[PDB]
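Just one chain follows, in the form deposited in one PDB entry, and it is written as structure tokens.
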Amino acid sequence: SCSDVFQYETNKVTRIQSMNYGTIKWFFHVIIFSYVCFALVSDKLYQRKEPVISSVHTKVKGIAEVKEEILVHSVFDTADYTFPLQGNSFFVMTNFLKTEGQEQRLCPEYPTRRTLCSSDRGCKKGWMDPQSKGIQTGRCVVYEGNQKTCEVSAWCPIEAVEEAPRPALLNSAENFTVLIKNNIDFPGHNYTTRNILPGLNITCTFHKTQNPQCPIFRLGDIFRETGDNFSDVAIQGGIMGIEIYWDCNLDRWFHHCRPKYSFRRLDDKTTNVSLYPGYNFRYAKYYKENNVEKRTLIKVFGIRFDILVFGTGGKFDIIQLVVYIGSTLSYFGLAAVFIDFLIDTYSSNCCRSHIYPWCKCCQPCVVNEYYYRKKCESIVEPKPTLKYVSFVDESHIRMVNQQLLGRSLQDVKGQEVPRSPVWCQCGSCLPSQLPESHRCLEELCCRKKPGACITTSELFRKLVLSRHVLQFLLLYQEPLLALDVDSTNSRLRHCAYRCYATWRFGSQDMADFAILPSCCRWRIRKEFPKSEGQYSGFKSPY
């Protein structure tokens, strides 16, 4: 069946010369194409995108003169306020509280409404209060003279309950600078670059307009970019995020991979002591004095700077473009769908019985009846119960698609399709000579109301009973045809049924399932009788 392989099925189409429908089609196509191109270009859907692999290296710079009422002036440098960047973050100490000479011993705990005692009964041995850095020994002792407080085993003397200094000791930390070196890679695209390129000015400091590509940031500038007071956030500390966004196109014609610097405060501006506002931690400087292990505890407050590097690098990928085009292809059939919907809707008689009289504007849309008739063809399932009846008086045909069960087809009305016995209205029918189960089918008249019969019509005699015509029809199909007398009569009788059905019902779709009236049936049978036997009747083709 190689010939079956080498076959191409092309749809049958109707081409309409309509201003409106062609204009609609082209408008739809232009709009769809424009949106598809716009989406492709704007979202770069032709590109395979890869997240950035980043490495950050910071260099902080600046010294601070610190005033401490002990008054003494001291200079702090990088070794004293910062530690090298770890995990894309660096910390600059802005403030501190110091507690010198701590030994692991037993000491009276610093007085507070909790630790104040009036007798030994107010303390419990081994009690770990969450707001304490020690474990009670059960007895309370003098802190300073009159005042009695719970004794604890801990690093002693205990820290004073004091607030962070105001102003911050390292308030000059706003004039410090940080140089950020950012290296990025797209391993899939095998593209690595960096934020500092040859020819970049190193004598600059970042400004979002003047110097938007300078990687040297003054911390005060950052805070101002974000809308915060460095002098205030310095007192208790904070977290600031330096976002480096990489929107990179790796196509060599449209190549562009530069960073965009932005800033965002990352700590909640909470004043709730319960939530530990700011950013601080306790750091121990261990040492030895007089063979005793001692500790200087610094409560460090500062600002942690987080370098948040994110972005994508895109490069043209054939497969992504293919996928996007394939997804968008089906949107070009919507013009056809919409116009076919219009043709189907405006083909309904409802749109002229009611709609047009009200809205006369839509009257010219009646042409869609022509488009529908030239577009759609309707066919019914050729079931064995399917039947068609035509009445000469009536101006149409009836599709009786229901079982005739003890009910004459004359009285069994069905759906409306366009082009002596009690049930007889022409006076030329005979009772059905067939099984009473199916007699009702053959109990049909040429008409619904009394009057003349259609077997009297002069056309019937010449379009159904004319022997010359029927024999010529037989010869047309079979030029050299010879038959017995009975065979000739049978061939003629079947041709007569065929010709009547074609005459009254037209198309062969309805003439195959047509039903002849009893009058015409028996007239034809009389004209072309059979030698012996009984006539079978109607037989459904399928």
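Don't overthink the numbering: it's just position in the shown sequence, from 1. In this text, rigid core is short for the largest set of C-alphas that superpose within 1.5 Å between two forms.
J.: Does at least a third of the other compared PDB entries (those resolving both flanking residues) leave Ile70 without coordinates?
T.: Yes; at least one third of the other entries leave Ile70 out.
J.: According to the entry, how many residues of the deposited sequence fall between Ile70 and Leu71 and are not modelled? Options: none, 1 to 3, 4 to 9, 10 or more.
T.: The entry has a gap there, with 4 to 9 residues left out between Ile70 and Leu71.
J.: Between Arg373 and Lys374, count the deposited residues left without coordinates and pick a bin: none, 1 to 3, 4 to 9, 10 or more.
T.: Nothing is missing.
This protein has a second form, the form deposited in another entry, left out of what is shown; the following refers to that one.
J.: Tell which of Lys299, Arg352, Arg447, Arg398, after superposing on the rigid core, has its C-alpha displaced by 2 Å or more between the shown form and the other one, please.
T.: Between the two forms, the residue that moves is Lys299.
J.: State yes or no: after fitting on the rigid core, is the Cα displacement of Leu116 between the shown form and the other one at least 2 Å?
T.: Yes: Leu116 shifts by at least 2 Å between the shown form and the other one.
J.: Please state whether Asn95 has a C-alpha shift of 2 Å or more between the shown form and the other one, with the rigid core used for the fit.
T.: Comparing forms between the shown form and the other one, the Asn95 CA shifts at least 2 Å.
J.: Could you tell me whether the Cα atom of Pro215 shifts by at least 2 Å between the shown form and the other one after core superposition?
T.: No; that C-alpha moves by less than 2 Å between the shown form and the other one.
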